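Okay, here's what each chain looks like letter by letter:
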Amino acid sequence: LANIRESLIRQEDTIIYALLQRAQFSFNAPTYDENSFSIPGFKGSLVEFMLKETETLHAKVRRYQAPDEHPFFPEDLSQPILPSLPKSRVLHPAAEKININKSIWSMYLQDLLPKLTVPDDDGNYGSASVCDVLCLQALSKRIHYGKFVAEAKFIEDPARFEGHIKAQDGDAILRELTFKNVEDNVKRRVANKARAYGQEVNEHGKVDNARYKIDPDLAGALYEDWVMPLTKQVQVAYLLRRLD
Amino acid sequence: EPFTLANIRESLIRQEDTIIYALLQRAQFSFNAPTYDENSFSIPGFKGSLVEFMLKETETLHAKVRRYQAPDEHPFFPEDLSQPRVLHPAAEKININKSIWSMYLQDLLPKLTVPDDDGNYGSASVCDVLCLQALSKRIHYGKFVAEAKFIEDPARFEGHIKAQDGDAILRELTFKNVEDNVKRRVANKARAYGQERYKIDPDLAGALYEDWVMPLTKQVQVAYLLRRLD
Ligand SMILES: N[C@@H](Cc1c[nH]c2ccccc12)C(=O)O
Ligand SMILES: N[C@@H](Cc1c[nH]c2ccccc12)C(=O)O
């Protein structure tokens, strides 16, 4: 695993696509302001509505039965309408329950999105909110996949971590974690993929003729700055609970 | 702005990317036949296939927040459309989503996916919905090309429209060299995603555009222009 490296890459690619598509629209402030829209029968903003309704539909087809899928509205999980899949046994049962979506929500809306977009309003609230939901779900999956990354690192050499864990020494755990290949050189790699989206095979365009609005270097810096620290926090949180 | 000839041209080329990427996402999962069978699952209060359910539910959500008020956005289930002047009013009547639905599910999807069942009914159907919506927007987009072309040079079409000569209009809209380059570009865009053989088969993407996407857009354009003098 290895088998995880390819998973991580797809998760990264999915985030890059989502950010790129969201960046096709402006900030569109009313999308996030419940006092700008009175959504009939619902208390909350348009993005909250779109996310809540999306999770309702996705829960019905068993999305959150998967070990890598975490709901932003866990207290509103809708009943599935498909036969249940076998429950995953890969992660440590005591450590697998981690859900930091509240942190991911505030990161996206407050730290990432305002830097990602032009602050004006182009009126495309519907499109923006749907892009937002895709961003949120893709960010959540990548960030929480730290549980699988950490489990892999642990299983390779448990004694490497077991002393730190018994001591609840989060700083030491962090220092024992290595971040290589996909976990490194993130800014440039993400920037390069954002630039390459929509290109023909081996087509190399100058910045002059970019067909999408997103700033590729900005996308890479935002991903490294705001996405990567949260996924390391998840790895540390997972290992702290790995002997629970 | 969004519907000048130049802006439309660039939108169409962005939609190439959107469609190829949507297909790529769907092709990460197998055909998963129970997704398309009415008899497979017990959906309470619903008659139809899972993909039908997922699309209907998604159209209900999106209609509520005004998606189908956009002239380029066309529901697959207008009879079930729930409550929330670029084009001639005749555009509102033109919607060939039934043909797009059949093409996607019965022609494209078996070619796109591995024939078996990997159990991922939820992911597959969510991906189906995005493919369908992207195909629909692109194919119906012709409306904007036709309107911008008519606005710029009405005398080019007015005679054919007065004569209701659809074939003549179709010839006017056909640029074979341009179409050949679209096919080439789309295949190469698919090819750019590389191998997992290919993640999204270049020849399949090229064929989709040549056999279906460009012919059906033309069919929409002719249907629109024929009614443009009403
Ligand atoms: N872009 C338009 C129409 C639209 C496209 N996709 C949507 C999805 C949901 C709601 C609206 C839309 C809007 O935001 O209103
Ligand atoms: N793998 C399951 C559950 C699932 C995982 N991710 C999803 C995303 C959307 C819907 C469902 C899912 C399925 O595809 O059915």
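Residues numbered from 1 in each chain as written, not as in the entry; some residues may be left out. Chains lettered and ligands numbered in written order. Heavy atoms only, no water.

- As deposited, the entry is annotated with X-ray crystallography as its determination method and 1.995 Å as its resolution.

**Here we look at the overall build of chain A**
Next, step 1: Of regular secondary structure, chain A possesses nine helices and zero strands.
Next, step 2: Of the regular secondary structure in chain A, the N- to C-terminal order runs α-α-α-α-α-α-α-α-α.
Next, step 3: Here the C-alpha atoms of chain A give a radius of gyration of 19 Å, agreeing with the 18 Å that 2.2 N^0.38 yields for 244 residues.
Next, step 4: Dimensions of chain A along its principal axes, counting C-alpha atoms only, are 55 × 50 × 35 Å.
Next, step 5: For chain A, the proportion of its 244 residues judged to be buried stands at 50%.
Next, step 6: Long-range contacts, defined as pairs at least 24 residues apart, comprise 77% of the intrachain contacts of chain A with a sequence gap of at least 6. (Helix = DSSP H or I, 4+ residues; strand = E, 2+ residues; numbered from the N terminus. Rg over C-alpha atoms; globule rule 2.2 N^0.38 Å. Buried < 20%, exposed > 50% of the residue type's maximum accessible area, 1.4 Å probe, protein only. Contact = heavy atoms within 4.5 Å.)

**Let's talk about the interface of chain B and chain A**
Next, step 1: Of the residues lining the interface, 32 residues belong to chain B; the matching set on chain A comes to 28 residues.
Next, step 2: When the two sides are added together, the surface that chain B and chain A hide from each other amounts to roughly 2,500 Å², 61% of it contributed by carbon and sulfur.
Next, step 3: Across the pair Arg10(A) and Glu196(B) runs a salt bridge, and its minimum N-O distance is 3.3 Å.
Next, step 4: Our count for the chain B to chain A interface comes out at eight residue pairs in polar contact.
Next, step 5: Secondary structure elements with two or more residues in the side of chain B that touches chain A: α1 (5-26), α2 (50-64), α4 (121-152) and α7 (176-191) of chain B.
Next, step 6: Examining the composition of the side of chain B that touches chain A, we find that eight residues originate from one element, α2(B), more than from any other.
Next, step 7: The class makeup of the residues in the side of chain B that touches chain A is 13 nonpolar, eight polar and 11 charged. (Buried area = accessible area lost by both parts, 1.4 Å probe. Salt bridge = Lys/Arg side-chain N within 4 Å of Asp/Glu carboxyl O. Polar contact = N/O pair within 3.5 Å; in protein donor to acceptor, adjacent residues only side chain to side chain. Nonpolar A, V, L, I, M, F, W, Y, C, P; charged D, E, K, R; others polar.)

**Regarding the nonpolar core**
Grouped burial of nonpolar side chains is what soluble globular proteins tend to show.
Next, step 1: With 66 residues, the main nonpolar core has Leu23(B), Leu50(B), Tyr104(B), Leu135(B), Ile169(B), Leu208(B) and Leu225(B) as its most contacted residues.
Next, step 2: The element contributing the most residues to this core is α4(B), with 13 residues.
Next, step 3: Listed in part, the 47 residues of the second largest apolar core include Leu112(A), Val133(A), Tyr197(A) and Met228(A). (Core = buried A, V, L, I, M, F, W, Y, C linked by side-chain atoms within 4.5 Å.)

**Some remarks on the side chain of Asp128(B)**
All names here are of chain B.
Next, step 1: Its place among the elements puts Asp128 in helix α4.
Next, step 2: Owing to a relative accessible area of 0%, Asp128 belongs among the buried residues under this scheme.
Next, step 3: Each residue touching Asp128, except ones within four places of it in the same chain, is listed here: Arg26, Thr35, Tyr36, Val51, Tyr104 and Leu109.

**Focus on the site of ligand 1**
Next, step 1: Around ligand 1, the neighbouring residues are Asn124(A), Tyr125(A), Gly126(A), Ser127(A), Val65(B), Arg67(B) and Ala70(B).
Next, step 2: Taking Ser127(A), its side chain carries an N or O atom lying 2.8 Å from a nitrogen atom of ligand 1.
Next, step 3: When isolated, ligand 1 has an accessible area of 350 Å², and the protein chains bury 86% of it.
Next, step 4: Partitioning the shell around ligand 1 into residue classes produces three nonpolar, three polar and one charged. (Near = heavy atom within 4 Å. Areas by Shrake-Rupley, 256 points an atom, 1.4 Å probe, with all protein chains shown as cover.)

**Brief notes about the pattern of salt bridges**
Next, step 1: The tally for this structure, following the rule as stated, stands at 33 salt bridges over all chains.
Next, step 2: Between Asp68(A) and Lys141(A) there is a salt bridge, with the nearest N and O atoms lying 3.9 Å from each other. Of this pair, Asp68(A) sits in the loop between α2 (46-60) and α3 (101-116) while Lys141(A) sits in helix α4 (residues 125-144), placing them 73 residues apart in sequence.
Next, step 3: When its relative accessible area of 16% is taken as the criterion, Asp68(A) is described as buried.
Next, step 4: Among the residues examined, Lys141(A) registers a relative accessible area of 26% and is labelled partly exposed.
Next, step 5: The network of salt bridges with common partners includes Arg211(A), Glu16(B), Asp17(B), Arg185(B) and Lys189(B).

**Describing α3(A)**
Next, step 1: The sharpest bend along α3(A) measures roughly 35° and falls at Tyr108(A).
Next, step 2: Where the residues of α3(A) are buried, they touch α1 (3-22), α2, α4 and α9 (216-240) of chain A. (Bend = angle between axes of the 7 residues up to and from the residue.)

**Considerations on the packing of α3(A) against α9(A)**
All names here are of chain A.
Next, step 1: Between α3 and α9, whose axes approach to 11 Å, the crossing angle comes to 165°. By the criterion of interaxial angle, the relationship of α3 to α9 is roughly antiparallel. Here α3 and α9 pass one another in a crossing that is right-handed. When α3 is examined against α9, the residues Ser103, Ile104, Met107, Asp111, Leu112, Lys115 and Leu116 are found in contact with a partner set consisting of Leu218, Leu222, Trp226, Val227 and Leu230.
Next, step 2: When the residues that make up the contact of α3 with α9 are grouped by side-chain class, the tally is nine nonpolar, one polar and two charged. (Axes fitted to C-alpha atoms, helices over the stretch in contact; angles between N-to-C directions. Parallel < 35°, antiparallel > 145°, perpendicular 65-115°, else oblique. Left-handed = near helix turned anticlockwise from the far one by under 90°.)

**A few points about the site of ligand 2**
Next, step 1: Taken together, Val61(A), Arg62(A), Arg63(A), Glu69(A), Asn120(B), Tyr121(B), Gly122(B) and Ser123(B) make up all the residues around ligand 2.
Next, step 2: The site occupied by ligand 2 is bordered by residues of chains A and B.
Next, step 3: When isolated, ligand 2 has an accessible area of 350 Å², and the protein chains bury 90% of it.
Next, step 4: Classifying every residue of the shell around ligand 2 gives two nonpolar, three polar and three charged.

**Details of α2(A)**
All names here are of chain A.
Next, step 1: For α2, with 15 residues, the first-to-last C-alpha span of 21 Å sits near the 21 Å given by 1.5 Å per residue.
Next, step 2: Of all 15 residues in α2, 13 are buried, a share of seventy percent or more.
Next, step 3: The positive-phi residue at the C-terminal boundary of α2 is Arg62, with phi of around 80°. (Expected span 1.5 Å × (residues − 1).)

**A closer look at the UniProt feature "domain: Chorismate mutase" (unreviewed entry) in chain A**
Next, step 1: Here, the residues flagged by UniProt with the feature "domain: Chorismate mutase" (unreviewed entry) are residues 127-235 of chain A.
Next, step 2: For residues 127-235 of chain A, helix accounts for 69% and strand for 0%, while the C-alpha atoms at its two ends are 33 Å apart. (UniProt positions renumbered as here; feature names shortened; annotations may be inferred.)

**Quick notes on the packing of aromatic side chains**
Next, step 1: As enumerated under the stated definition, the model contains 15 aromatic pairs over all chains in all.
Next, step 2: Look at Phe3(B) and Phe144(B): their rings are 4.3 Å apart centre to centre, the planes differ by 10°, and that puts the pair in the stacked class.
Next, step 3: When the centroid spacing of 5.3 Å and the interplanar angle of 75° are considered together, the rings of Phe46(B) and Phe53(B) count as edge-to-face.
Next, step 4: A relative accessible area of 7% means that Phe53(B) is categorised as buried.
Next, step 5: Members of the aromatic cluster, joined through ring pairs, are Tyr17(A), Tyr197(A), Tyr212(A) and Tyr21(B). (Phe/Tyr/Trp six-rings, centres within 6.5 Å; stacked < 30°, edge-to-face > 60°.)

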